[PDB]
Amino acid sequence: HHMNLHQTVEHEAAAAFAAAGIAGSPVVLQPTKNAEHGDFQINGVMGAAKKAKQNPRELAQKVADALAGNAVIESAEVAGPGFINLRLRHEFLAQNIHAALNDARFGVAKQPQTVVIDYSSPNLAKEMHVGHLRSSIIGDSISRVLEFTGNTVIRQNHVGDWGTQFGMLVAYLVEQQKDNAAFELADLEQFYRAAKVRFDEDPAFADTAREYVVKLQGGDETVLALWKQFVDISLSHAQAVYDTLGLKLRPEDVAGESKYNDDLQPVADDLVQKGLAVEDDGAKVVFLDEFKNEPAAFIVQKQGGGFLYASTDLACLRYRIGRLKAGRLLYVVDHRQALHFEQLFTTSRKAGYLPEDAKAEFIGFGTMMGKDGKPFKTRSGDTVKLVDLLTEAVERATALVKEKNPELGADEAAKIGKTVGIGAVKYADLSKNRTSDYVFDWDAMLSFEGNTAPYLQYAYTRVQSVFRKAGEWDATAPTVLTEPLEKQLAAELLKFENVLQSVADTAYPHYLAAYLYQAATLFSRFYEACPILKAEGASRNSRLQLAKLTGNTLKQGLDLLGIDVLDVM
């Protein structure tokens, strides 16, 4: 009870191949670029013709002939040397639109892999930065799509909660609490800088900080409780941003780097025992011929015993495979760490930590930039505060929403403004290929036309306005499709499952954003060309069915991007 449109069409094409004497040859079915050519294109004829050295044009026409009268495909036309353009039959479209609305068991079908997805994952010594913002948003949408397609999704927020820098942070916290028992740590950036001033200016403070590191590494209960105080504060700052954004990431999903500290020396010793890590001036180093320039050096323990980012991620991968029983690992991380994860994966495969049938994927994203192409900063050049950025998005959207509808009350406008403003923060990121650098732009992201969250949100509200106007209708009535844009919109709506499965496979949410924008703009063309309220009979009811499924698909698709809709704006 679903529609995998690609598979349904491929099945008919495969039968036509068999009827044409090329049974078992790959169909190589692809969607069409322009719907003026049809809905799908068969690309496999040239390859199939190679075996018998057959004439490919004649073979393509034989396949097309075998599709005459097909229930799914109403026309099959040869193009180029031996491509075949397929147009879906309107009765097939109508029946499956009807089913998507009325079959109570209809859904997006689901191979329940266990997927551990690592995202957001801020360093706790400072505030969350705009790179962590990208990871939070991109990872949250991927995680939503994976759940919706039936995977077992384990979110892990790999917070940076351990390291020598916490020595000066703990020492500075102690000083600040001695001078005020009501001490509030408002800004982690200012706190961090102030502690470094003390560490750089005061040798007695630096000695004190180094002693706290000793006690932290030693597990001193008293110093660990001070560490936990700081970590809990920093986590609360992150959680307030998560709450504002409306993520699916929860406190129970936190799994900080400190979790793996007892595994670091076992991993290092294991790699030495397997001959993968070797001694290099007292350090333990993994040399990888795979990353030669001379093989790349992947240091797993320093000369004096200290561990590294690489050490923690090796231990953590072992845990995610061996204890969480993950079949697929996704790391949603700034693109500048690509080499770290490539070396992590290669080392883990050689060590047996990552089995041959497990997948591990670096889900990289580009740098957030200002309009000058330089990394994103405030007008005065300072680090962007995420809480300020999100407040600004909501304030900006609230002003625009009041401009568009001056009859909104202040409280109604503010509620709409939150949905539009946060929605735009997410969509302006997610609608771009994650791997590109991203220029932040208030004017672009808050435009009510073009490819933006407000455009799609207001598109949903316009669908709801149609139903406020239409009166009684019957979603269960037989569906008829007679006009070109009726049929084009139906075919687009039936692609939803395939789009979502593509995002699950590739971890590119911008494919879903692109689909929703195409669907909304096509709905608008349909609405102009095929009057709904002026229609009568089956035409009226079928156009209302199309509008209802459009609304449902916009709402569901936006939800999987983390974006909400409103019945009224």
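For every residue, the number given is its place in the sequence shown, counted from 1.
Unmodelled residues of the deposited sequence between neighbouring positions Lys110 and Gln111 number 1 to 3. Per the record, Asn293 and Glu294 are separated by 1 to 3 deposited residues that are missing from the model.
Mean C-alpha B-factor is higher over 208-216 than over the other stretch, the pair under comparison being 208-216 and 467-475. Averaged over Cα atoms, the B-factor as recorded in the entry is higher for 274-282 than for the other of 274-282 and 324-332. Out of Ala424, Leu354, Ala297, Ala268, the entry records its largest CA B-factor for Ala297. Comparing the C-alpha B-factors of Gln95, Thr164, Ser135, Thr312 in the entry, the top value falls on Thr164.
Sort the chain's modelled residues by C-alpha temperature factor and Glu127 lands in the middle third, per the entry. Per-chain ranking of the deposited C-alpha B factor places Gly537 in the middle third.
Annotation for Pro31: CA B-factor lies in the highest third of the chain's modelled residues.
Split the chain's modelled residues into thirds by C-alpha temperature factor. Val565 is in the lowest one. Among all modelled residues in this chain, the alpha-carbon of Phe440 has a temperature factor (C-alpha) in the middle third.
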